[PDB]
Structure formats: C-alpha cells, structure tokens
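Engineer: Supplied in structure tokens, the structure appears directly below.
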Amino acid sequence: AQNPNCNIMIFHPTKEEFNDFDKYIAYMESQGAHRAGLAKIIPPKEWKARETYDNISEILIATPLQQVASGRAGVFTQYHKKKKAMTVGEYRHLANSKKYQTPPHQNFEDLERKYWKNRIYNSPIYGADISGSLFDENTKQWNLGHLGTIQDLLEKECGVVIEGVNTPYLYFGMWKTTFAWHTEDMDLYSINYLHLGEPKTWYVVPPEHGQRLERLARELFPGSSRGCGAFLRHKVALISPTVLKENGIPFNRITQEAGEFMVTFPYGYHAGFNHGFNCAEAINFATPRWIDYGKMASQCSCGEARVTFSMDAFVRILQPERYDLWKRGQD
Ligand SMILES: O=C(O)CNC(=O)C(=O)O
Ligand SMILES: [Mg+2]
Ligand code: NI
Ligand SMILES: [Zn+2]
C-alpha cells in the first residue's frame, strides 16, 4: 500500500504532466496521496493563473462575515456575523489596519503558536463563498473555472442525467480568518488555488480515520452533537493541534503559499487559518472513486447546514432513502 503513514504529499508536475487534470489526480492517488486527505501541487514554473492581479480591488464582497469565537483557546465555535458590503480594495485596507494586521513573528511556527493562543480574543472579517473566478480564460491548464462538472462525472459513471451546475468560489482572508473542521458537501474533493497574498495553514485528518475526529467532536461539543447527527456540516467547530494530540487523533499540517494548489480528498476532514491578506479560489470536483463516498456521506437534517441547489440531485440519486428527510431540513 502506498503512503501507509498517510503523510501529506507534495507534487511538482512538469508542463507536460499539467495538461490532463484527471490523469494527474489519478497519478497522485496511485502514489497514495489521498490517504493523507490533502495534497499540495506546485505548478510548473512556466504556468500562470493570470498576467497580473492589478485590477481586483473592484470585486465586491457583498456579505463580509465577522467570525466571533466562543469557548476556550483550543476548543471553540465560531459564528458568522454579517457585515455591510465592501470592495476588495476596502477589505485589503481593513486587513492591513493596525486592528487586524498580522503581528510581528519569527516564522510560520511562531505565527501558528500565536494563532492558537490568541484567536478567540479577536473577530477577524472573512469574505467567503463569493461566486466567481480569477483565472484568465486563456489559462488552459488547471483553470478552476474550466473543470469537468460533477454532474457530468455522475452521468459518465452512472448514466443518469441531472440538473445542477458547479462553479468556483473566491475567498478573501485576513489574519486569523478561520475555516472550521469539515469535509466537503457529499464528501466531494475540493481544489483550492492561493492566487495572492499571505499563506494559509491547513490541518487534515486521514479519511480512514475521520470517524475518530467525529467521536472526539461529539465529546467536545456535546449539545451540538445532540442537536444534529452531522453537526460538523455546520462548519463552526475548531479543535487545536494540541487538543488533537492530547486525544490521539491522527492528523497532519502544511502551509500553502501564493501560487500553490491544494487538493482535499473525499472524507478528508480539514480546518485552517490565514496568515494575512489573501485571495483563494476553490471548487468541488469528483472522480470515479468519489462515487462510493458520495453514497455514504452524512447529512445535516436539523436545517442549519443549508446547502446548494446542485446538492439536491446528488442526494436524490445517490441517497434516495435519505432524500425525503434531508429535504425536510432544506425546506
Ligand atoms: O480557503 C478556505 O477558506 C476554505 N477552503 C476549503 O475548505 C477548501 O478549499 O476545501
Ligand atoms: Mg476589480
Ligand atoms: Ni473545504
Ligand atoms: Zn445540522
């Protein structure tokens, strides 16, 4: 078995190897990359997502989210308070202000220490889930707005034709902005490209150990657990690496820098934070190996997680028994 310790792998495709996305994902899995839950892909040196970022300040963040924490430093929830719209130019200025800017630090490790020590005492503002793309239409390789769609994969593998579309989202982050412990909708893959700015640190649990994280989460968030049998779908819970180590949960960590892709694999729980002002783009995708994960994915039926138009069809076709009760939560 390849990569038995489930380490995060880093790949350096040639420009030749960068032409066929599906084939490269299948290559990575042949080397065991999926066992980690997360992989880094460094694009060939000849490749670019676009010519410059010089004109992005006029993108609108229509609903910036202020991420308010409750709990203790290593075990907390966050709630998202909606703020008034602002442009990317306004947001970047806010991120760079004395109140919100990255503090002085020695290196990534010192900054990670400061994050876990101090996150709960601040409420950074996150521009999340903004439909759009920053890839130039002329970028032909690994353009996240030109991937084959999940609906087309399900059609190719299973023969069923369904409604729905699949488009990318932009994320504008600042120091301490946080993504809570989650897997993707329907335990899909995700791919994330860091277009610009400061790094993003990721934590990940190997898919084969995801249930260990869920069991810990039920112990640490016991009222949330009683309210919903898949409460990590709410994307509100944080657990520090110290806490994970104290409870024996297998995990890994890695820092993504501007110009790098990350791929998350089906049922790979992940969480993380941003080091300072940045802009990432991400989208879900599928392969044939995903299908069985999609059939087994947990669902939130309490009604909090409230998810896309396209997820309907996935649940309807892959999880017909659940369909009924899931859509009671969604309506
Ligand atoms: O970048 C972020 O804030 C969150 N992204 C993801 O969870 C992802 O790409 O799967
Ligand atoms: Mg603009
Ligand atoms: Ni994700
Ligand atoms: Zn729920």
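Residues are named by chain letter and number: chains run A, B, ... in the order of the structure tokens, numbers start at 1 in each chain, and ligands are numbered from 1 in the order shown.
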Tell me, as a list in words, which residues lie within 8 Å of segment 96-112 of chain A, counting only C-alpha atoms; anything in the same chain fewer than 6 positions away does not count.
Structural biologist: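 Within the cut-off, the hits are residues 124, 174, 175, 275, 276 and 277 of chain A.
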Engineer: Do you have, as a tab-separated table, the list of residues of chain A lying at most 7 Å from ligand 2, each with its nearest atom pair and that distance in Å to one decimal, counting only C-alpha atoms and all ligand atoms and ordered by chain then number?
Structural biologist:
```
residue	atom	partner	partner_atom_place_in_ligand_line	distance
A:55	CA	ligand 2	1 (Mg)	4.8
A:56	CA	ligand 2	1 (Mg)	3.6
A:57	CA	ligand 2	1 (Mg)	4.5
A:58	CA	ligand 2	1 (Mg)	3.2
A:59	CA	ligand 2	1 (Mg)	4.7
```
Engineer: Residues within 12 Å of residue 26 of chain A, please, as an MDAnalysis selection string. Count only C-alpha atoms; anything in the same chain fewer than 2 positions from it doesn't count.
Structural biologist: chainID A and resid 17 20:24 28:34 265 286:290
Engineer: Store the residues picked out above, limited to C-alpha atoms, as a short mmCIF file (atom, residue, chain, number, x, y, z; two decimals), in the first residue's frame.
Structural biologist:
```cif
data_model
loop_
_atom_site.label_atom_id
_atom_site.label_comp_id
_atom_site.auth_asym_id
_atom_site.auth_seq_id
_atom_site.Cartn_x
_atom_site.Cartn_y
_atom_site.Cartn_z
CA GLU A 17 2.09 16.48 -16.94
CA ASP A 20 -4.51 16.39 -18.28
CA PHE A 21 -6.12 17.21 -14.89
CA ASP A 22 -7.98 13.88 -14.39
CA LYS A 23 -4.95 11.86 -15.31
CA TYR A 24 -2.73 13.78 -12.83
CA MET A 28 -1.36 11.25 -7.32
CA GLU A 29 -3.74 8.61 -5.92
CA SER A 30 -1.52 5.84 -7.47
CA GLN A 31 1.21 7.21 -5.21
CA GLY A 32 -1.09 7.18 -2.16
CA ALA A 33 -1.72 10.91 -1.89
CA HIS A 34 -5.39 10.51 -0.97
CA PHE A 265 -9.83 14.16 -0.93
CA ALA A 286 -15.50 14.37 -8.49
CA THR A 287 -13.72 11.29 -9.84
CA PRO A 288 -14.96 7.73 -10.21
CA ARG A 289 -13.50 6.83 -6.79
CA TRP A 290 -15.68 9.55 -5.18
#
```
Engineer: Provide the atom CA of residue 330 of chain A to atom CA of residue 300 of chain A distance in Å, to one decimal place.
Structural biologist: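 Atom CA of residue 300 of chain A lies 9.1 Å from atom CA of residue 330 of chain A.
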Engineer: Residues within 6 Å of ligand 1, counting only C-alpha atoms and all ligand atoms: report them as a VMD selection string.
Structural biologist: chain A and resid 171 179 190 to 192 282
Engineer: Find the residues near ligand 4. Use a cut-off of 10 Å, count only C-alpha atoms and all ligand atoms, and write them as a PDB file with C-alpha atoms, in the first residue's frame.
Structural biologist:
```pdb
ATOM      1  CA  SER A 224     -24.230  20.424  19.190  1.00  0.00           C
ATOM      2  CA  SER A 225     -23.967  16.635  18.878  1.00  0.00           C
ATOM      3  CA  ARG A 226     -27.391  16.099  20.455  1.00  0.00           C
ATOM      4  CA  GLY A 227     -28.960  18.697  18.123  1.00  0.00           C
ATOM      5  CA  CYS A 228     -27.724  17.077  14.905  1.00  0.00           C
ATOM      6  CA  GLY A 229     -26.170  13.825  13.912  1.00  0.00           C
ATOM      7  CA  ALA A 230     -23.829  15.568  11.436  1.00  0.00           C
ATOM      8  CA  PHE A 231     -23.106  18.864  13.149  1.00  0.00           C
ATOM      9  CA  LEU A 232     -19.643  19.273  11.626  1.00  0.00           C
ATOM     10  CA  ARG A 233     -21.592  20.106   8.401  1.00  0.00           C
ATOM     11  CA  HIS A 234     -22.395  23.416  10.113  1.00  0.00           C
ATOM     12  CA  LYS A 235     -18.748  24.390   9.726  1.00  0.00           C
ATOM     13  CA  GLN A 299     -26.061  14.670   6.110  1.00  0.00           C
ATOM     14  CA  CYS A 300     -27.295  17.505   8.255  1.00  0.00           C
ATOM     15  CA  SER A 301     -31.131  17.240   8.531  1.00  0.00           C
ATOM     16  CA  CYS A 302     -31.523  19.740  11.512  1.00  0.00           C
ATOM     17  CA  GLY A 303     -31.621  22.507   8.915  1.00  0.00           C
ATOM     18  CA  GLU A 304     -28.546  24.514   9.927  1.00  0.00           C
ATOM     19  CA  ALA A 305     -26.167  23.462   7.138  1.00  0.00           C
ATOM     20  CA  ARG A 306     -28.458  24.644   4.281  1.00  0.00           C
ATOM     21  CA  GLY A 329     -34.293  20.120   6.650  1.00  0.00           C
TER      22      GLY A 329
END
```
Engineer: Rank nothing, just name the residue among A:172, A:293, A:193, A:221 nearest to residue 72 of chain A, using only C-alpha atoms.
Structural biologist: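 Looking only at the distances to residue 72 of chain A, the closest residue turns out to be A:221.
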Engineer: Record the distance separating atom CA of residue 49 of chain A and atom CA of residue 311 of chain A, expressed in Å with one decimal.
Structural biologist: 28.4 Å
Engineer: Let me make sure I understand: among A:117, A:220, A:13, A:187, which one has the smallest atom-to-atom distance to residue 296 of chain A if we use only C-alpha atoms?
Structural biologist: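 Comparing A:117, A:220, A:13, A:187 against residue 296 of chain A, the winner is A:187.
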Engineer: Between chain A and ligand 3, at 12 Å or less, what are the per-residue closest atom pairs and their distances in Å? Count only C-alpha atoms and all ligand atoms, order by chain and rising residue number, and return it as CSV.
Structural biologist:
```
residue,atom,partner,partner_atom_place_in_ligand_line,distance
A:37,CA,ligand 3,1 (Ni),10.9
A:38,CA,ligand 3,1 (Ni),10.3
A:128,CA,ligand 3,1 (Ni),11.7
A:129,CA,ligand 3,1 (Ni),11.0
A:169,CA,ligand 3,1 (Ni),11.3
A:171,CA,ligand 3,1 (Ni),11.5
A:178,CA,ligand 3,1 (Ni),11.4
A:179,CA,ligand 3,1 (Ni),7.9
A:180,CA,ligand 3,1 (Ni),8.8
A:181,CA,ligand 3,1 (Ni),8.5
A:182,CA,ligand 3,1 (Ni),6.4
A:183,CA,ligand 3,1 (Ni),6.1
A:184,CA,ligand 3,1 (Ni),5.4
A:185,CA,ligand 3,1 (Ni),8.6
A:186,CA,ligand 3,1 (Ni),11.5
A:187,CA,ligand 3,1 (Ni),9.7
A:188,CA,ligand 3,1 (Ni),9.2
A:189,CA,ligand 3,1 (Ni),8.4
A:190,CA,ligand 3,1 (Ni),6.3
A:191,CA,ligand 3,1 (Ni),8.4
A:192,CA,ligand 3,1 (Ni),8.5
A:202,CA,ligand 3,1 (Ni),10.1
A:203,CA,ligand 3,1 (Ni),11.0
A:204,CA,ligand 3,1 (Ni),10.3
A:232,CA,ligand 3,1 (Ni),11.8
A:233,CA,ligand 3,1 (Ni),10.7
A:235,CA,ligand 3,1 (Ni),9.5
A:262,CA,ligand 3,1 (Ni),10.2
A:263,CA,ligand 3,1 (Ni),9.3
A:264,CA,ligand 3,1 (Ni),7.1
A:265,CA,ligand 3,1 (Ni),9.6
A:266,CA,ligand 3,1 (Ni),10.3
A:267,CA,ligand 3,1 (Ni),10.2
A:268,CA,ligand 3,1 (Ni),8.9
A:269,CA,ligand 3,1 (Ni),8.0
A:270,CA,ligand 3,1 (Ni),6.6
A:271,CA,ligand 3,1 (Ni),7.7
A:272,CA,ligand 3,1 (Ni),9.6
A:273,CA,ligand 3,1 (Ni),12.0
A:280,CA,ligand 3,1 (Ni),11.8
A:281,CA,ligand 3,1 (Ni),11.2
A:282,CA,ligand 3,1 (Ni),8.4
A:283,CA,ligand 3,1 (Ni),8.9
A:284,CA,ligand 3,1 (Ni),8.5
A:285,CA,ligand 3,1 (Ni),11.5
```
Engineer: Going by DSSP on the backbone, which bits of segment 13-58 of chain A are strand (DSSP E or B)? Write them as a ChimeraX atom specification, please.
Structural biologist: /A:38-41
Engineer: Export, as a PDB file, in the first residue's frame, the selected residues with N, CA, C and O atoms.
Structural biologist:
```pdb
ATOM      1  N   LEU A  38      -5.264  15.341   1.977  1.00  0.00           N
ATOM      2  CA  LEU A  38      -4.806  16.635   1.457  1.00  0.00           C
ATOM      3  C   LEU A  38      -3.493  16.424   0.727  1.00  0.00           C
ATOM      4  O   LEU A  38      -2.621  15.684   1.262  1.00  0.00           O
ATOM      5  N   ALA A  39      -3.339  17.101  -0.416  1.00  0.00           N
ATOM      6  CA  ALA A  39      -2.051  17.108  -1.189  1.00  0.00           C
ATOM      7  C   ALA A  39      -1.772  18.550  -1.641  1.00  0.00           C
ATOM      8  O   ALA A  39      -2.703  19.317  -1.863  1.00  0.00           O
ATOM      9  N   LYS A  40      -0.492  18.898  -1.790  1.00  0.00           N
ATOM     10  CA  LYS A  40      -0.024  20.151  -2.386  1.00  0.00           C
ATOM     11  C   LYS A  40       0.481  19.843  -3.806  1.00  0.00           C
ATOM     12  O   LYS A  40       1.180  18.870  -4.015  1.00  0.00           O
ATOM     13  N   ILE A  41       0.091  20.722  -4.734  1.00  0.00           N
ATOM     14  CA  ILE A  41       0.554  20.677  -6.105  1.00  0.00           C
ATOM     15  C   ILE A  41       1.173  22.030  -6.439  1.00  0.00           C
ATOM     16  O   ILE A  41       0.526  23.096  -6.433  1.00  0.00           O
TER      17      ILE A  41
END
```
Engineer: Which residues are close to residue 51 of chain A, i.e. within 12 Å by only C-alpha atoms, leaving aside same-chain residues fewer than 6 positions away? Reply as number ranges by chain.
Structural biologist: A: 134-139, 195
Engineer: Need to verify the contact set: residue 123 of chain A, 10 Å, only C-alpha atoms, exclusion of same-chain residues closer than 3 positions in sequence. Can you return it as a compact mmCIF listing (two decimals) with N, CA and C atoms, in the first residue's frame?
Structural biologist:
```txt
# COMPACT_ATOMS: atom_id res chain seq x y z
N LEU A 65 -18.06 38.42 6.54
CA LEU A 65 -18.51 37.71 7.77
C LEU A 65 -17.51 37.96 8.89
N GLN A 66 -17.99 38.46 10.03
CA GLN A 66 -17.15 38.68 11.20
C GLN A 66 -17.24 37.40 11.99
N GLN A 67 -16.09 36.76 12.23
CA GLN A 67 -16.03 35.43 12.82
C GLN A 67 -15.81 35.53 14.32
N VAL A 68 -16.91 35.45 15.06
CA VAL A 68 -16.90 35.62 16.52
C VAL A 68 -16.74 34.29 17.21
N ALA A 69 -15.73 34.15 18.08
CA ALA A 69 -15.46 32.86 18.74
C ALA A 69 -16.06 32.75 20.14
N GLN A 78 -17.32 29.14 16.16
CA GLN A 78 -17.34 30.48 15.64
C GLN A 78 -18.71 30.73 15.02
N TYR A 79 -19.22 31.94 15.21
CA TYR A 79 -20.39 32.30 14.49
C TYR A 79 -20.15 33.45 13.56
N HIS A 80 -20.87 33.49 12.46
CA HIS A 80 -20.60 34.46 11.44
C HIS A 80 -21.60 35.54 11.51
N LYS A 81 -21.17 36.74 11.87
CA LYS A 81 -22.00 37.89 11.88
C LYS A 81 -21.87 38.64 10.58
N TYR A 100 -6.31 44.76 12.66
CA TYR A 100 -6.48 43.45 12.02
C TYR A 100 -5.19 42.81 11.43
N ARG A 119 -6.45 33.43 18.97
CA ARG A 119 -7.56 33.54 18.01
C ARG A 119 -8.87 33.95 18.66
N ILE A 120 -9.21 33.30 19.78
CA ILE A 120 -10.53 33.52 20.34
C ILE A 120 -10.78 34.98 20.78
N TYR A 126 -14.07 37.81 7.23
CA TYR A 126 -13.82 36.84 6.12
C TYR A 126 -14.76 37.13 4.92
N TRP A 175 -5.53 38.03 8.58
CA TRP A 175 -5.00 37.36 9.77
C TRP A 175 -6.08 36.83 10.68
N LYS A 176 -5.91 35.57 11.05
CA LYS A 176 -6.86 34.84 11.91
C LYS A 176 -8.14 34.38 11.30
N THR A 177 -8.45 34.75 10.05
CA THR A 177 -9.67 34.21 9.45
C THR A 177 -9.51 32.69 9.40
N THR A 178 -10.60 32.01 9.68
CA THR A 178 -10.60 30.63 10.06
C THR A 178 -11.59 29.81 9.27
```
Engineer: Based on the backbone DSSP call, show me all residues of segment 66-125 of chain A assigned alpha helix (DSSP H), as number ranges by chain.
Structural biologist: A: 88-95, 108-118
Engineer: Any chance you can output those residues with N, CA, C and O atoms as a PDB file, in the first residue's frame?
Structural biologist:
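Saved result, part-v9.pdb, follows:
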```pdb
ATOM      1  N   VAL A  88     -13.112  44.651  -2.467  1.00  0.00           N
ATOM      2  CA  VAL A  88     -11.818  44.040  -2.150  1.00  0.00           C
ATOM      3  C   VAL A  88     -10.799  45.124  -1.736  1.00  0.00           C
ATOM      4  O   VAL A  88     -10.000  44.877  -0.807  1.00  0.00           O
ATOM      5  N   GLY A  89     -10.815  46.284  -2.405  1.00  0.00           N
ATOM      6  CA  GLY A  89      -9.882  47.408  -2.026  1.00  0.00           C
ATOM      7  C   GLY A  89     -10.115  47.824  -0.583  1.00  0.00           C
ATOM      8  O   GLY A  89      -9.117  47.980   0.196  1.00  0.00           O
ATOM      9  N   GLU A  90     -11.381  47.956  -0.177  1.00  0.00           N
ATOM     10  CA  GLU A  90     -11.702  48.335   1.163  1.00  0.00           C
ATOM     11  C   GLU A  90     -11.312  47.259   2.146  1.00  0.00           C
ATOM     12  O   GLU A  90     -10.764  47.516   3.248  1.00  0.00           O
ATOM     13  N   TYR A  91     -11.629  46.033   1.763  1.00  0.00           N
ATOM     14  CA  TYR A  91     -11.261  44.876   2.597  1.00  0.00           C
ATOM     15  C   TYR A  91      -9.725  44.758   2.820  1.00  0.00           C
ATOM     16  O   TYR A  91      -9.265  44.465   3.995  1.00  0.00           O
ATOM     17  N   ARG A  92      -8.923  44.865   1.755  1.00  0.00           N
ATOM     18  CA  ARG A  92      -7.475  44.798   1.872  1.00  0.00           C
ATOM     19  C   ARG A  92      -6.958  45.901   2.829  1.00  0.00           C
ATOM     20  O   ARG A  92      -6.078  45.675   3.713  1.00  0.00           O
ATOM     21  N   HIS A  93      -7.492  47.098   2.656  1.00  0.00           N
ATOM     22  CA  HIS A  93      -7.150  48.191   3.615  1.00  0.00           C
ATOM     23  C   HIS A  93      -7.484  47.866   5.094  1.00  0.00           C
ATOM     24  O   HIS A  93      -6.647  48.124   6.012  1.00  0.00           O
ATOM     25  N   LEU A  94      -8.645  47.229   5.303  1.00  0.00           N
ATOM     26  CA  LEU A  94      -9.062  46.845   6.634  1.00  0.00           C
ATOM     27  C   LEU A  94      -8.092  45.785   7.176  1.00  0.00           C
ATOM     28  O   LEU A  94      -7.707  45.809   8.370  1.00  0.00           O
ATOM     29  N   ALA A  95      -7.776  44.779   6.338  1.00  0.00           N
ATOM     30  CA  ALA A  95      -6.877  43.686   6.739  1.00  0.00           C
ATOM     31  C   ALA A  95      -5.491  44.209   7.184  1.00  0.00           C
ATOM     32  O   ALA A  95      -4.870  43.634   8.068  1.00  0.00           O
ATOM     33  N   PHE A 108       6.747  30.711  10.450  1.00  0.00           N
ATOM     34  CA  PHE A 108       5.379  30.185  10.398  1.00  0.00           C
ATOM     35  C   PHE A 108       5.014  29.521  11.734  1.00  0.00           C
ATOM     36  O   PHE A 108       3.842  29.555  12.117  1.00  0.00           O
ATOM     37  N   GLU A 109       5.952  28.805  12.350  1.00  0.00           N
ATOM     38  CA  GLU A 109       5.689  28.149  13.619  1.00  0.00           C
ATOM     39  C   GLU A 109       5.315  29.111  14.737  1.00  0.00           C
ATOM     40  O   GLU A 109       4.374  28.832  15.544  1.00  0.00           O
ATOM     41  N   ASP A 110       6.025  30.246  14.813  1.00  0.00           N
ATOM     42  CA  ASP A 110       5.734  31.241  15.827  1.00  0.00           C
ATOM     43  C   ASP A 110       4.327  31.819  15.553  1.00  0.00           C
ATOM     44  O   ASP A 110       3.513  32.028  16.495  1.00  0.00           O
ATOM     45  N   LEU A 111       4.014  32.029  14.273  1.00  0.00           N
ATOM     46  CA  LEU A 111       2.728  32.606  13.934  1.00  0.00           C
ATOM     47  C   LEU A 111       1.584  31.585  14.280  1.00  0.00           C
ATOM     48  O   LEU A 111       0.487  31.980  14.741  1.00  0.00           O
ATOM     49  N   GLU A 112       1.837  30.295  14.008  1.00  0.00           N
ATOM     50  CA  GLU A 112       0.866  29.221  14.385  1.00  0.00           C
ATOM     51  C   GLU A 112       0.613  29.203  15.911  1.00  0.00           C
ATOM     52  O   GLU A 112      -0.520  29.109  16.392  1.00  0.00           O
ATOM     53  N   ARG A 113       1.703  29.308  16.692  1.00  0.00           N
ATOM     54  CA  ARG A 113       1.566  29.472  18.147  1.00  0.00           C
ATOM     55  C   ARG A 113       0.686  30.657  18.543  1.00  0.00           C
ATOM     56  O   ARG A 113      -0.225  30.531  19.411  1.00  0.00           O
ATOM     57  N   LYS A 114       0.933  31.809  17.939  1.00  0.00           N
ATOM     58  CA  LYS A 114       0.190  33.000  18.257  1.00  0.00           C
ATOM     59  C   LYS A 114      -1.312  32.807  17.869  1.00  0.00           C
ATOM     60  O   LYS A 114      -2.233  33.268  18.585  1.00  0.00           O
ATOM     61  N   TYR A 115      -1.542  32.135  16.728  1.00  0.00           N
ATOM     62  CA  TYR A 115      -2.932  31.889  16.259  1.00  0.00           C
ATOM     63  C   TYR A 115      -3.679  31.091  17.337  1.00  0.00           C
ATOM     64  O   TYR A 115      -4.726  31.528  17.709  1.00  0.00           O
ATOM     65  N   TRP A 116      -3.143  29.943  17.767  1.00  0.00           N
ATOM     66  CA  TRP A 116      -3.840  29.090  18.699  1.00  0.00           C
ATOM     67  C   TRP A 116      -3.961  29.722  20.081  1.00  0.00           C
ATOM     68  O   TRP A 116      -4.941  29.503  20.783  1.00  0.00           O
ATOM     69  N   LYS A 117      -2.975  30.519  20.444  1.00  0.00           N
ATOM     70  CA  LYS A 117      -3.032  31.172  21.712  1.00  0.00           C
ATOM     71  C   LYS A 117      -4.083  32.272  21.749  1.00  0.00           C
ATOM     72  O   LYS A 117      -4.819  32.416  22.760  1.00  0.00           O
ATOM     73  N   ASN A 118      -4.181  33.066  20.703  1.00  0.00           N
ATOM     74  CA  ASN A 118      -4.889  34.323  20.686  1.00  0.00           C
ATOM     75  C   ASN A 118      -6.147  34.435  19.795  1.00  0.00           C
ATOM     76  O   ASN A 118      -6.843  35.450  19.899  1.00  0.00           O
TER      77      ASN A 118
END
```
Engineer: With only C-alpha atoms as the basis for distance, which of A:214, A:15, A:274, A:241 is at the shortest distance from residue 48 of chain A?
Structural biologist: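 Under the stated criterion, the closest residue is A:15.
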